[PDB]
Structures are given as structure tokens and as C-alpha cells.
């Protein structure tokens, strides 16, 4: 238990903050209220729904767009089931974009993707995850591999174009370690 490990700043906090150590006598009250409000906390992911259908229409012929629109409707229906209709149209469209991006490089439903959808929208029917994954793989089956790399580059670029404070700053993950000394020699 690492919450147990004896630390100087732990002792320092305990001495003047008796108050606060069992102030955090909070567990799933703590995380639950987070789940309560996480519904609108995700604005968007890498690529929004409008960006996705722009890409699809820009890269594929009308021939295959005909079928891809039914696939996208399957994804929209799956998002409707997962997101729910009371948050509204744009919410289920961003959920559909999240679904598409979840499965655009994966051909099956895995522990990672179920857990990701649950993290984003709470518990959900996995049948809809299957439906959305099937529709997404149907769509990607029309991509050429140049098209697929274009999509990957587009996701990577927009994630890279995000700006946050201290983004371009130099940063080191080197942390203070034990200095190397030498083993207690052999006794006797």
C-alpha cells in the first residue's frame, strides 16, 4: 500500500491538518458525483461527426457513399441508444463520432473499447457497441490504405493542433532516484 508509505510531507500535512486527512473519507460518493456530471464534460474527441462525414464524402465515390450513409445511420442509432435522447441531437451525434473513432482501427469489440464507452457514458448495452463496430468496419472496408493513412494523419494533426498552457515547453521525466552505493560486503 503506497498510501501507507512514510513520507515527510505526509507527516507535515498530518501535524497541521488533522482536519483534512479524514476529510477525504469519501469514496464512491466522490466518484459517483463525477459520473453524475460527466455526461456533457466531453465536448468532442479528435474528429467530430461533421468532420467525419466531410472526410468520407471527400475521399469516396458517390457509388459507395450510397451504402456508407446507411452504415452511418446504423452508427447514429447505436449512439442514440448509448447516449440517450434527452441530452439532444448534437450529443448523440458526438457520441456517434466517438463510436466511429473508437472502432475505425479495430474490427471487433474488446475490453478496451467497452471500458472506454463506459467511461464516457456510463453503463450501456453492448449490443449497440457491436452494431456500431460492425457499421464502422463496413465503412472502412471501402477505404484505400492511402485514405486510411489520411484519416489517421487527420486525427493526429487535430490532436496536435490542440493548444494548452505550457504545451511547447521543455519538460523532463527524470525523477530523483537512489544514489548508487554498494552492497553490504560478505560478513565473517
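Numbering follows the first chain given and starts at 1.
Mean CA B-factor, 176 to 184 versus 14 to 22: the higher value falls on 14 to 22. Taking the mean C-alpha B-factor of each stretch as recorded, 80 to 88 and 107 to 115 are not equal, and the higher mean is that of 80 to 88. Of the candidates 53, 131, 38, 151, the PDB record gives 38 the highest C-alpha temperature factor. When the Cα B-factors of 146, 158, 44, 61 are read from the PDB record, 44 comes out highest. For residue 34, the recorded CA temperature factor ranks within the highest third of the chain's modelled residues. When the modelled residues of the chain are ordered by their C-alpha B factor, residue 140 lands in the lowest third. In the PDB entry, residue 65 places in the middle third of its chain by CA B-factor.
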